[PDB]
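Q:
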Amino acid sequence: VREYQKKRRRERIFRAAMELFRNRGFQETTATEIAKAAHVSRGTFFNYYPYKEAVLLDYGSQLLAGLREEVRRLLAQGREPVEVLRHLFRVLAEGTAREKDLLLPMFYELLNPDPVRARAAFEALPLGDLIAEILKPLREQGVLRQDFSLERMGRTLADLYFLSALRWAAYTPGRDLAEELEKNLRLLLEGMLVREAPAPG
Amino acid sequence: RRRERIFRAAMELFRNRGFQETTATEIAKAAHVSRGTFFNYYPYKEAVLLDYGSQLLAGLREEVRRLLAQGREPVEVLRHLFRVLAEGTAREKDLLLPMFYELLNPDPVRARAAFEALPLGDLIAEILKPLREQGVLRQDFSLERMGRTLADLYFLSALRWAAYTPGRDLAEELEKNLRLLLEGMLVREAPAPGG
Ligand SMILES: CCCCCCCCCCCC(=O)SCCNC(=O)CCNC(=O)[C@H](O)C(C)(C)COP(=O)(O)OP(=O)(O)OC[C@H]1O[C@@H](n2cnc3c(N)ncnc32)[C@H](O)[C@@H]1OP(=O)(O)O
Ligand SMILES: CCCCCCCCCCCC(=O)SCCNC(=O)CCNC(=O)[C@H](O)C(C)(C)COP(=O)(O)OP(=O)(O)OC[C@H]1O[C@@H](n2cnc3c(N)ncnc32)[C@H](O)[C@@H]1OP(=O)(O)O
Numbered sequence: 002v003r004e005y006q007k008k009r010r011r012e013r014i015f016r017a018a019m020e021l022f023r024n025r026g027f028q029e030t031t032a033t034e035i036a037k038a039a040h041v042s043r044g045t046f047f048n049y050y051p052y053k054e055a056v057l058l059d060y061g062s063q064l065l066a067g068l069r070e071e072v073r074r075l076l077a078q079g080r081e082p083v084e085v086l087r088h089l090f091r092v093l094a095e096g097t098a099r100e101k102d103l104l105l106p107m108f109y110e111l112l113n114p115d116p117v118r119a120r121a122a123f124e125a126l127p128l129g130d131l132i133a134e135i136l137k138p139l140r141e142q143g144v145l146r147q148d149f150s151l152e153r154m155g156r157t158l159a160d161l162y163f164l165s166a167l168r169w170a171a172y173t174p175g176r177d178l179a180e181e182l183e184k185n186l187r188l189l190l191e192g193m194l195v196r197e198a199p200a201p202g
Numbered sequence: 009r010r011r012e013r014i015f016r017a018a019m020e021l022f023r024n025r026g027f028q029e030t031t032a033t034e035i036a037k038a039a040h041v042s043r044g045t046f047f048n049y050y051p052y053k054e055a056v057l058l059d060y061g062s063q064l065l066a067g068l069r070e071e072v073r074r075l076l077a078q079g080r081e082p083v084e085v086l087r088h089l090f091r092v093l094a095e096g097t098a099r100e101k102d103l104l105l106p107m108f109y110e111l112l113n114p115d116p117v118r119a120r121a122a123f124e125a126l127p128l129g130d131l132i133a134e135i136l137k138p139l140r141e142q143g144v145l146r147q148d149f150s151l152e153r154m155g156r157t158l159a160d161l162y163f164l165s166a167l168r169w170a171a172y173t174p175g176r177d178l179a180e181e182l183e184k185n186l187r188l189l190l191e192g193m194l195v196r197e198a199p200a201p202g203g
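Next up, the structure:
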């Protein structure tokens, strides 16, 4: 019964932290406030979350798992990969705009000077690999280059999302994030060089 | 002179003791000016790195424009530019890393000063001009915007390389960015290409 109590405890702390973060702000909330609200010692909080940002990483990982489930659903339903890609970025744009205040500090964590944490943030938010899954069918379909691995390409697109999202959130919140993300997709997918227009129907 | 004596004294201290460990006070003393005078020239320490970054960029800009005269093909100029950036980044990683972090400083006023000091995107956009002229680049995006996007990729790759994974061949990584963005991930196999 310890495992169940342990999972119950982590989940409660998470909820407590998220409620406080949403109502008072991430930076303004302290481990002491979180512990109090979750009904646990501060020491217990740190045992589950050694540093506050780890709560946000937990959150982003949850958001990503929901998107993954969505993408896999659309692909199994037979949606064209390119459309799923365009769908994913549209949903990423919407979710990022909606959760801007919590995602911003989480975004900086990927740029943490301490390599151990930058690494932990990275592994917790594998958007790059989700994108790779969508590219996979395109490759077997023969329309995708093969001089670069699916992994490195997906990672490149995920890096663009990250930079555009961070910049939008930190510096230009008034701009159209959906359009900006569509641009990254269109450029990396089709390239800057013009392509052949099909014979009209 | 002075702005020059300060900048040189700063770089020398950075070289001998490290950027992070060097202080405004020490720079002031080595440049022979008061802390007040130092700050008129460089309100904050990273501003010295921006100045450094600007001069390195000017040099690249120099090289670029002089290769375009010489008739070198646009795409070949781009490949050269990134081969030079790759080596340069590797050689001066210790000073460039704190400069890269400054580009994403939370203070919008500082992030903008950093962006404006390091206009790589615009340089890429000048090299692209002949392609635009040839009529071979899409028109739903400006050259400036496409250029900014390829510079962003450089930034991303370079910051990752210099801070977390120096093991990667930086030149091949930049060559990858150029290739994906210029050509796209979808293949180009038309039996009858234009031109
Ligand atoms: C060895 C060392 C080598 C060099 C080492 C260094 C290499 C650095 C590589 C790059 C690294 C980075 O950039 S990372 C930097 C992250 N930092 C930031 O983003 C800080 C941002 N700070 C700022 O102050 C912002 O940039 C502002 C406030 C100036 C706003 O930007 P901005 O308005 O886009 O600036 P500007 O230069 O005029 O850009 C004009 C383009 O944006 C478009 N644009 C603007 N608003 C809109 C809009 N609402 N809808 C559509 N389009 C818009 C314009 O139409 C035009 O696109 P179009 O019509 O032409 O298509
Ligand atoms: C809802 C909001 C969501 C939000 C979601 C937001 C997602 C944002 C994602 C991007 C965010 C950023 O990273 S922005 C950039 C700055 N931040 C960061 O980079 C985050 C921290 N970064 C890191 O820790 C590192 O860069 C890693 C972990 C990403 C690097 O991965 P790594 O394996 O160490 O390094 P990698 O590049 O893979 O190199 C492996 C070497 O071995 C080869 N190799 C090949 N296969 C393998 C293999 N299976 N295992 C190991 N190695 C392999 C590779 O070719 C390479 O050779 P060779 O290369 O020697 O030839």
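First to last, the sequence lines map onto chains C and D.
One gets PDB author numbering by counting positions in the first sequence from 1 and adding 1 to each.
One gets PDB author numbering by counting positions in the second sequence from 1 and adding 8 to each.
Idealized CB from N, CA, C, for every residue including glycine.
(1) Determine, for C/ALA119, whether the minimum Cβ-Cβ distance to residues of chain D falls below 8 Å.
(2) What does D/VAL195 touch in chain C if you count any residue whose Cβ is under 9 Å from its own?
(3) Using a C-beta to C-beta distance shorter than 8 Å, which residues of chain C count as neighbours of D/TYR52?
(4) Please enumerate, following chain order, all residues with a beta carbon closer than 5 Å to at least one heavy atom belonging to ligand 2.
(5) Verify the CB distance criterion: does D/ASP130 have a CB-CB separation below 8 Å to chain C?
(6) What separation, rounded to the nearest whole angstrom, lies between the Cα atoms of C/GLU110 and D/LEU58?
(7) May I ask which residues mark the beginning and end of the alpha helix (DSSP H) holding D/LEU161?
(8) D/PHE90: which of D/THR45, D/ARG69, D/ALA77 sits nearest, CA to CA?
(9) Look up D/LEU194 in the DSSP assignment and say whether it is helix, strand or coil.
(10) Which runs of the alpha helix (DSSP H), 4 residues or longer, sit entirely within the stretch 97–136 of chain D?
(11) Between D/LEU93 and ligand 1, is there a pair consisting of the residue's CB and a ligand heavy atom that are separated by less than 7 Å?
(12) Just reading off the alpha helix (DSSP H) that D/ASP59 is part of, what are its end residues?
(13) Taking the continuous alpha helix (DSSP H) assigned at C/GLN6, which residues delimit it?
(14) For C/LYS184 and D/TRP169, what's the separation of their Cα atoms in angstroms?
(15) Work out the CA separation of C/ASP160 and D/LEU167 for me, nearest whole Å.
(16) Using a Cβ-Cβ cut-off of 8 Å (strictly less than) and excluding sequence neighbours within five positions of C/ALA119, which residues of its own chain qualify?
(17) In whole angstroms, what separates the C-alpha of D/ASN24 from that of C/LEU103?
(18) Please confirm whether D/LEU194 and C/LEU145 have their CB atoms less than 8 Å apart.
(19) Could you check the C-alpha separation between C/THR45 and C/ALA36 for me, to the nearest Å?
(20) Does the beta-carbon distance from D/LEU178 to D/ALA98 come in below 8 Å?
(21) Could you say which of C/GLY143, C/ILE132, C/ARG16, C/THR173 lies nearest to D/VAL117 if we only look at CA atoms?
(22) By DSSP's criteria, C/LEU145 is part of a beta bridge. Which residues make up the other side?
(23) Do you know how far the Cα of C/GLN28 is from the Cα of C/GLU191?
(24) Just to make sure I have the definition right: I need the residues of chain D whose C-beta is within less than 7 Å of the C-beta of C/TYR172. Which are they?
(25) Roughly how many angstroms separate the alpha carbons of C/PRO127 and C/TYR162, rounded to a whole number?
(26) Does C/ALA179 come out as helix, strand or coil in the three-state DSSP assignment?
(27) Cα separation between C/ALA18 and C/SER62?
A: Working from what's here:
(1) For this step, residue 119 of chain C is matched to residue 118 along the first sequence. Taking Cβ atoms only, chain D reaches closer than 8 Å to C/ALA119, which makes this a yes.
(2) By 1-based counting over the second sequence, the position of residue 195 of chain D is 187. Simply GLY143, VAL144, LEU145, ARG146, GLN147.
(3) The residue given as residue 52 of chain D occupies position 44 in the second sequence. What D/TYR52 touches in chain C: nothing, since even the nearest Cβ is about 18 Å away.
(4) C/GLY61, C/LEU64, C/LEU111, C/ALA119, C/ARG120, C/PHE123, C/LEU126, C/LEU128, C/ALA159, C/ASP160, C/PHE163, D/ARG168, D/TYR172, D/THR173, D/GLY175, D/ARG176
(5) The count along the second sequence starts at 1 and reaches residue 130 of chain D at position 122. No, because no Cβ of chain C sits closer than 8 Å to the Cβ of D/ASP130.
(6) The residue labelled residue 110 of chain C in the question sits at position 109 within the first sequence. The residue labelled residue 58 of chain D in the question sits at position 50 within the second sequence. Approximately 23 Å between the Cα atoms of the pair.
(7) By 1-based counting over the second sequence, the position of residue 161 of chain D is 153. Counting along the chain, the alpha helix (DSSP H) containing D/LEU161 begins and ends at 151–171.
(8) Translated into the one-based positions of the second sequence, residue 90 of chain D becomes position 82. Of the candidates D/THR45, D/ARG69, D/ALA77, the one whose C-alpha sits nearest the C-alpha of D/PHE90 is D/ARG69.
(9) As a working mapping, residue 194 of chain D is identified with position 186 in the second sequence. Note: D/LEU194 maps to strand in three-state DSSP.
(10) 101–111, 116–125
(11) Here residue 93 of chain D is taken as the residue at index 85 of the second sequence, counted from 1. Answer for D/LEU93: yes, Cβ within range of ligand 1.
(12) Along the second sequence, one-based indexing puts residue 59 of chain D at 51. Looking at the DSSP string, the run of the alpha helix (DSSP H) that includes D/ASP59 is 54–77.
(13) As a position in the first sequence, residue 6 of chain C is number 5, starting the count at 1. Taken as a continuous stretch (DSSP letters only), the alpha helix (DSSP H) holding C/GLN6 covers 3–25.
(14) In the first sequence, the residue the question calls residue 184 of chain C occupies position 183. In the second sequence, the residue the question calls residue 169 of chain D occupies position 161. The straight-line gap from Cα to Cα measures roughly 25 Å.
(15) Counting from 1 along the second sequence, the entry for residue 167 of chain D is found at position 159. Counting from 1 along the first sequence, the entry for residue 160 of chain C is found at position 159. Going from the Cα of D/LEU167 to the Cα of C/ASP160 covers about 12 Å.
(16) Your numbering for residue 119 of chain C matches position 118 in the first sequence. Only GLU110, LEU111, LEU112, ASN113 meet the Cβ criterion.
(17) In the second sequence, counting from the first residue as 1, residue 24 of chain D sits at position 16. In the first sequence, counting from the first residue as 1, residue 103 of chain C sits at position 102. The straight-line gap from Cα to Cα measures roughly 41 Å.
(18) Residue numbering aside, residue 194 of chain D sits at position 186 when the second sequence is read from its first letter. Residue numbering aside, residue 145 of chain C sits at position 144 when the first sequence is read from its first letter. Yes, the Cβ-Cβ distance between D/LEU194 and C/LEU145 is below 8 Å.
(19) For the purposes of this step, residue 45 of chain C is taken as residue 44 along the first sequence, with counting starting at 1. For the purposes of this step, residue 36 of chain C is taken as residue 35 along the first sequence, with counting starting at 1. Each residue's Cα considered, the two are about 8 Å apart.
(20) For the purposes of this step, residue 178 of chain D is identified with residue 170 of the second sequence, where counting begins at 1. For the purposes of this step, residue 98 of chain D is identified with residue 90 of the second sequence, where counting begins at 1. Yes, the pair counts as a contact, with Cβ atoms nearer than the cut-off.
(21) Locating residue 117 of chain D in the second sequence gives position 109, where the first residue counts as 1. Out of C/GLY143, C/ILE132, C/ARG16, C/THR173, C/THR173 has the C-alpha closest to the C-alpha of D/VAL117.
(22) As a working note, residue 145 of chain C is residue 144 in the first sequence. C/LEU145 is bridged to D/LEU194.
(23) For this step, residue 191 of chain C is matched to residue 190 along the first sequence. For this step, residue 28 of chain C is matched to residue 27 along the first sequence. If I take the Cα positions, the gap works out to 40 Å.
(24) Working through the first sequence from its first residue, we reach residue 172 of chain C at position 171. Simply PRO116, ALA119.
(25) Looking up residue 127 of chain C in the first sequence gives position 126. Looking up residue 162 of chain C in the first sequence gives position 161. Going from the Cα of C/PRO127 to the Cα of C/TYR162 covers about 12 Å.
(26) Along the first sequence, one-based indexing puts residue 179 of chain C at 178. Secondary structure of C/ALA179 (DSSP, three-state): helix.
(27) Taking the first residue of the first sequence as position 1, residue 18 of chain C is located at position 17. Taking the first residue of the first sequence as position 1, residue 62 of chain C is located at position 61. Approximately 16 Å, taken between the alpha carbons.
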